[PDB]
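*Asks:* Need a 3D model of the following:
(chains A, B, C, D and E, ligands or ions: 1)
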Amino acid sequence: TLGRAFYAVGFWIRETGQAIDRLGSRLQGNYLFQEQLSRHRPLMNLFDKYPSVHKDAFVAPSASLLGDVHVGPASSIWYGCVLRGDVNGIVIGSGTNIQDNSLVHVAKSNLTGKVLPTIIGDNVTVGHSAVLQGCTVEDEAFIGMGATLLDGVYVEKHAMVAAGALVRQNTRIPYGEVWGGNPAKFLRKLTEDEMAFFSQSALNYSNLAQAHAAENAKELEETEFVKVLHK
Amino acid sequence: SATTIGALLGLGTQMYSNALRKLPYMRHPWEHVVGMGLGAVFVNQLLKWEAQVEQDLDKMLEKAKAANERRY
Amino acid sequence: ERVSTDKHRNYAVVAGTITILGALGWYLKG
Amino acid sequence: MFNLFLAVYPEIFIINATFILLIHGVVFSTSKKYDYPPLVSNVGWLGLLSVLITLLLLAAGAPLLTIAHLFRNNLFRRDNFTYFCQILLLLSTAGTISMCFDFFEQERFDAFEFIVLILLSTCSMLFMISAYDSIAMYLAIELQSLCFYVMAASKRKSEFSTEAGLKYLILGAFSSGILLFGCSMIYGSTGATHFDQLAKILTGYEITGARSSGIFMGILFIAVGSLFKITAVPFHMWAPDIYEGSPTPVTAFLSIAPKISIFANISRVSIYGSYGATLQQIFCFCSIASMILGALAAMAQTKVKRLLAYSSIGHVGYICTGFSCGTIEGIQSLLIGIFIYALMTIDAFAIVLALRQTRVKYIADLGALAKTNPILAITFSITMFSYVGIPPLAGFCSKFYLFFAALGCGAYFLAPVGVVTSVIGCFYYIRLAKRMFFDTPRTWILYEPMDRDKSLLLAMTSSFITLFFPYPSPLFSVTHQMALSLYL
Amino acid sequence: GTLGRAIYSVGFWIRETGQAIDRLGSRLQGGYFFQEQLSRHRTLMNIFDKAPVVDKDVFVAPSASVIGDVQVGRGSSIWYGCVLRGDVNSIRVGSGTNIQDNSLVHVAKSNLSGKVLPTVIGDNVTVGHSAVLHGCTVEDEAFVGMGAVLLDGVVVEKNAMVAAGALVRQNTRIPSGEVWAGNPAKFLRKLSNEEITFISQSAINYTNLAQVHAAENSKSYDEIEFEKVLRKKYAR
Ligand SMILES: [Zn+2]
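*Replies:* Numbering: from 1, shown residues only, chains lettered A, B, ... in the order given. Here you go, the structure:
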């Protein structure tokens, strides 16, 4: 824990730094160091559990991924996600969509080592308003919006879970299955064109994410800043 | 060793005063050094003053010896 | 735009730095 | 100034600071230029600064504070005893002001006059300690008691304020009336009122004579009077009532500051103008009465203030038991007990003041302080167990040396009653503390928590209480110096 | 004065010392701490060319991303954490509506195989917290709220409501005046007339509340500090 000791003394030192800086500002007669503004670092660590997003993987600036969360290329984290990796890590592969209004959560500390990880293996769509708490979703997966995947669930290999539906603990959805309702019960089978459509939607959102990020890197529009400082 | 006991005392008292009000232990990590300094100087001066007052008390007792010597 | 424009605070700051310098000198004369 | 007034520099400075603060407060409290600022906080911080300056002057100047030997002996004499007593008093006043800063703003009552009296009564008590004449003593006591009369009835829109203040006023004025008649009779039968003259006229030769029946009435009345001002457990009327009614800073200052002063004055008189058994017997009774009353009343109370009142009565009792005999070891342990009690009570009032608003008047509101604020609960348990008794703390060590001295001084009777009231107190308190993880009916999660200065003062004293026994040499030494130079 | 100039220089010096101490602390740390950045978040943005067209009298909480071609009319509000993402197809919301905080609107299938799907929200529509709207046409004065979700070419109509868990799916023509619920959606009541007046009054007073929140949330630093000091001194 020598690392944690270094971290703690780093906090002490930097805190003294902030305090002496503020003394300097009060001396200089400038109280600008009170302009309350939300920190909201889109990527955040706890001690050494920093996230790791691959380059060329769009993460919306309004997202919130903190804790041990790792995500690979061609991925998209669309506005309004909560990717938590505090206790057990989150791993997310290539070519994946975690749409706006979604959290990939990890159960708050249960007594034993019952805190399962969460794996989201590439070519997976996870639509809007999706809560995935401790699950194993695999390649060619569709999680259609309004979705709840409680701890202990395994969906795999071109499998779809419809909409507005929750899957209880310890449930498995293998190839060619759709489940729905409260609780999630099996409805029917899939179609090969629907599976190719899964893949095409994955690719289309990869391109959408490229566009959105290239637009989000557009130099911050100083004009509005000087406007808001004017009045 | 006196100054070390004083410094540890000051640091402990400062952590205490930071723990009573529920804010974390090392809230102002630049007060703790002032606490250590004050504790050190306090304990050192306390030892000095105890030595001095023992000397004065022994002188007073020696003078009280004469007040009872004439008594016999 | 290279000065502090609050008279009372500046008097107080003069007093504070005078205080610290005086304490340092006093200690130096321990 | 003129090299004589070098003997009263602390009093001159504290009076001048009181005046300048009074004028400042009144003008800038009624000046329309600013909004209409109520200057309680600013006047208070300037008052704390002035008190610390007084402490500095007095402490660093004592060996020349004794400079006006006879010209001042007309009224007062300053020795090592008065030196250390005055230091402890100024420390206590600084402590209580710092503790009571946050109460002013919270309770929201605006009268800077509250902090121009604390200083004025402080100067009064500084006169009372170094007081070497019956009438100078009485005048200092009256100045102090008038300051407290003003201080009691602060908030008028409240209910208990006026009744508590009126009770305290009538009680104090009656006590002082009795004391006056006592000094009057001593004057009439003796023909002197300066402690040297009283000593020289009625030492050793207390043998009964024709008109010797007068002196005794005077000293008896003086005993009753000074007793009323030590809460005098046969005469303890309304003491818990006024403790409950008056606000917390006022009752704290009333508990800590006047008691040490009047104890020093009682010691200065009982060394000089006593009888073979008069004063010792009029105190030997009140001591056992006090211990018994503290026990059998604090055992059953349902208001966290009256419990403090009866525990204060009990500890004043233990101190008075220490008073019983008149040997050097005894008075040494006496002064040690006084000091430990001062610390413990500023501590307890710090706590009960940091637990004030949401708990206007309750004792059941120990709503899981073990759970909602554990360090504070541990501190309260430490302070209380010290107040009563337990393996090494400050209060236990003080009581133990008290009973050591009592046994070794020739009184085999105060110990049984003292130890049994101690053990009933210990059973009760250690039942209360272990009642803090059974269950919790009420819960009062508090906006209160101890801004900075109450916390610092608490932390300091609480670290002192437990850590006293690892090195209690200097206290014994300075107490020995003091008691030895009280008369010899 | 010259004293002011001197202490200004001294303050600048010690401020530089503070910055140096802070860098030293981060370097004693390192690798782990993601030091803070500016906001870098857009309350309004375009995609290819479609800029958003937002009424002047609207409320838009600065934690609501409107992207694409969103046409938002008068007397409406886009509350906190909202996401109006119409980057692919058109979004037009009526005048006098309200998207109560933390909701989402998206569209998918722009001009594929001839059939297209726009998305329109009528006037005085009050969509609530966590409402997901995925390519729908909600006619004016319709109530949807508290976690509902509409999946596809659904069309709600003329005072209908879906309440608290309604997962409505795959081109449902909601009847003109009903209530629906269920997962999936079925109707269970008849939507009394005083309740119709309830939804109207809801739209109205919620526009009022939105105007209050706008007047508050659109302040500058000096004005905010003034408001705060005034509030403290008054509560004193
Ligand atoms: Zn979508």
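*Asks:* Now for residue B:2: which residues touch it?
*Replies:* Residues near residue B:2 by C-beta atoms under 8 Å, 6 or more residues apart in numbering or on different chains: B:40, B:43, B:44, B:47. Every residue, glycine included, has its C-beta placed from N, CA and C.
*Asks:* Just the buried residues out of the residues you listed, in PyMOL syntax.
*Replies:* Buried subset of the contacts of residue B:2, written as a PyMOL selection, criterion 16 or more other C-beta atoms under 10 Å in any protein chain shown:
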select buried, chain B and resi 40+43+47
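*Asks:* Let's see which of the contacts of residue B:2 end up in helices.
*Replies:* B:40, B:43, B:44, B:47 (DSSP state H).
*Asks:* Residue E:39 and chain D, how far apart?
*Replies:* Look at residue E:39 and chain D: by C-beta to the nearest C-beta, to the nearest Å, they are 33 Å apart.
*Asks:* and the residue nearest to that residue when sequence neighbours are not counted, backbone torsions?
*Replies:* Distances taken as C-beta to C-beta, 6 or more residues apart in numbering or on different chains place residue A:37 nearest to residue E:39, at 7.0 Å, with adjacent residues excluded. Dihedral pair for residue A:37: phi -150, psi 130, per degrees, to the nearest 10.
*Asks:* ok, residue A:37 touching residue E:37?
*Replies:* No. If you go by C-beta atoms under 8 Å, residue A:37 and residue E:37 don't touch, sitting 10.8 Å apart.
*Asks:* still on that earlier bit, could you take the ones in helices among the contacts of residue B:2 and lay them out as JSON lines, with extra columns for distance to chain A?
*Replies:* Converted to JSON lines, the ones in helices among the contacts of residue B:2 look like this (distance: C-beta to the nearest C-beta, whole Å):
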{"residue": "B:40", "distance to chain A": "20"}
{"residue": "B:43", "distance to chain A": "24"}
{"residue": "B:44", "distance to chain A": "26"}
{"residue": "B:47", "distance to chain A": "30"}
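*Asks:* picking up where we left off before, out of the contacts of residue B:2, which one sits closest to residue D:383?
*Replies:* residue B:43 (23.0 Å; C-beta to C-beta).
*Asks:* ok, that closest one - contacts?
*Replies:* Contacts of residue B:43 (C-beta under 8 Å, 6+ apart): B:2, B:3, B:5, B:6, B:9.
*Asks:* The contacts of residue B:2: which two are farthest apart?
*Replies:* Maximum pairwise distance among the contacts of residue B:2 (C-beta to C-beta): 11.3 Å, between B:40 and B:47.
*Asks:* what's the neighbour count on residue A:225?
*Replies:* Residue A:225 has 12 neighbours, counted by other C-beta atoms under 10 Å in any protein chain shown.
*Asks:* So what's the gap between the host helix or strand of it and the chain middle?
*Replies:* Using DSSP states H and E, the element containing residue A:225 is helix A:222-230. Centre-to-centre, helix A:222-230 and its host chain are 31 Å apart (C-alpha atoms, centre = their mean, to the nearest Å).
*Asks:* quick one: contacts for residue A:82?
*Replies:* Residue A:82 neighbours (C-beta under 8 Å, 6+ apart): A:63, A:64, A:65, A:102, A:103, A:104, A:105.
*Asks:* export the residues you listed to a markdown table and tack on distance to chain B, secondary structure and neighbour count?
*Replies:* Converted to a markdown table, these look like this (distance: C-beta to the nearest C-beta, whole Å; DSSP: H, G, I helix; E, B strand; the rest coil; neighbours: other C-beta atoms under 10 Å in any protein chain shown):
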| residue | distance to chain B | secondary structure | neighbour count |
| --- | --- | --- | --- |
| A:63 | 28 | coil | 21 |
| A:64 | 24 | strand | 18 |
| A:65 | 26 | strand | 24 |
| A:102 | 33 | strand | 26 |
| A:103 | 28 | strand | 17 |
| A:104 | 30 | strand | 28 |
| A:105 | 27 | strand | 20 |
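*Asks:* tell me the phi and psi of residue E:82?
*Replies:* Here is the backbone geometry of residue E:82 (degrees, to the nearest 10): phi -80, psi 160.
*Asks:* Residue D:393 touches residue D:467, doesn't it?
*Replies:* No. Counting by C-beta under 8 Å, residue D:393 stays clear of residue D:467, with 9.8 Å between them.
*Asks:* ok, those two, which is more surrounded?
*Replies:* residue D:393 (23 against 14).
*Asks:* Skipping its backbone neighbours, what lies nearest residue 182 in space?
*Replies:* With no chain named, the answer covers chain A. In space, residue A:182 is closest to residue E:183, 5.6 Å off (C-beta to C-beta, 6+ apart).
*Asks:* actually chain D
*Replies:* Leaving aside its chain neighbours, residue D:182 sits nearest to residue D:221 (3.0 Å; criterion: C-beta to C-beta, 6+ apart).
*Asks:* for residue D:341, same thing?
*Replies:* Spatial nearest neighbour of residue D:341, chain neighbours left out: residue D:315 (5.0 Å); criterion: C-beta to C-beta, 6+ apart.
*Asks:* in chain C, what residue is nearest chain B?
*Replies:* For chain C, the residue closest to chain B is residue C:27, as judged by C-beta to the nearest C-beta, at 10.6 Å.
*Asks:* how near is the nearest residue to residue A:127 once chain neighbours are set aside to residue A:155?
*Replies:* Excluding its sequence neighbours, the residue lying closest to residue A:127 (C-beta to C-beta, 6+ apart) is residue A:145, at 3.5 Å. Distance of residue A:145 to residue A:155, computed by C-beta to C-beta, to the nearest Å: 15 Å.
*Asks:* Relative to residue D:441, how far out is residue D:488?
*Replies:* Distance from residue D:488 to residue D:441, counting by C-beta to C-beta: 58 Å.
*Asks:* So these two - more neighbours on which side?
*Replies:* A direct count of neighbours by other C-beta under 10 Å for residue D:488 and residue D:441 places residue D:488 higher, at 13 against 9.
*Asks:* The closest residue to the more buried one other than its chain neighbours - how many residues pack around it?
*Replies:* Closest residue to residue D:488 apart from its sequence neighbours, by C-beta to C-beta, 6+ apart: residue B:64 at 5.8 Å. When neighbours are counted by other C-beta under 10 Å, residue B:64 registers 14.
*Asks:* buried stuff in the helix or strand containing residue B:64?
*Replies:* For residue B:64, the element it lies in under DSSP H and E is helix B:32-69. Judged by neighbour count using 16+ other C-beta under 10 Å, the buried positions of helix B:32-69 are B:32, B:35-36, B:38-40, B:43, B:47, B:50, B:53-54, B:57, B:60.
*Asks:* just those residues now: which is nearest chain E?
*Replies:* Nearest to chain E out of the buried residues of helix B:32-69 is residue B:32 (C-beta to the nearest C-beta; 15.8 Å).
*Asks:* Could you double-check that that closest one sits in contact with residue B:26?
*Replies:* Yes. Residue B:32 lies in contact with residue B:26 (C-beta under 8 Å); the separation is 6.6 Å.
*Asks:* and for the two, which residues touch both?
*Replies:* Contact criterion C-beta under 8 Å, 6+ apart; residues shared by residue B:32 and residue B:26: residue B:15.
*Asks:* any residue of the helix holding residue A:225 up close to chain E?
*Replies:* Yes. Using C-beta under 8 Å from any C-beta of the partner chain, helix A:222-230 reaches chain E at residue A:228.
*Asks:* Residues touching that helix, excluding its own?
*Replies:* Contacts with helix A:222-230, where a contact means C-beta under 8 Å, 6+ apart, come from residue E:220.
*Asks:* ok, and for it, which residues are buried?
*Replies:* The neighbour-count check on helix A:222-230 (16+ other C-beta under 10 Å) flags nothing as buried.
*Asks:* CA-only coordinates of it in CSV, if you can.
*Replies:* C-alpha atoms of helix A:222-230 as CSV (Å, rounded to 0.1, in the frame of the first residue of the first chain):
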residue,chain,number,x,y,z
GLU,A,222,-14.9,31.1,-28.0
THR,A,223,-17.6,33.5,-29.1
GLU,A,224,-20.2,32.2,-26.7
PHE,A,225,-17.6,32.2,-23.9
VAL,A,226,-16.8,35.9,-24.3
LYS,A,227,-20.5,36.4,-24.6
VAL,A,228,-21.3,34.8,-21.3
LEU,A,229,-18.4,36.8,-19.7
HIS,A,230,-19.9,40.0,-21.2
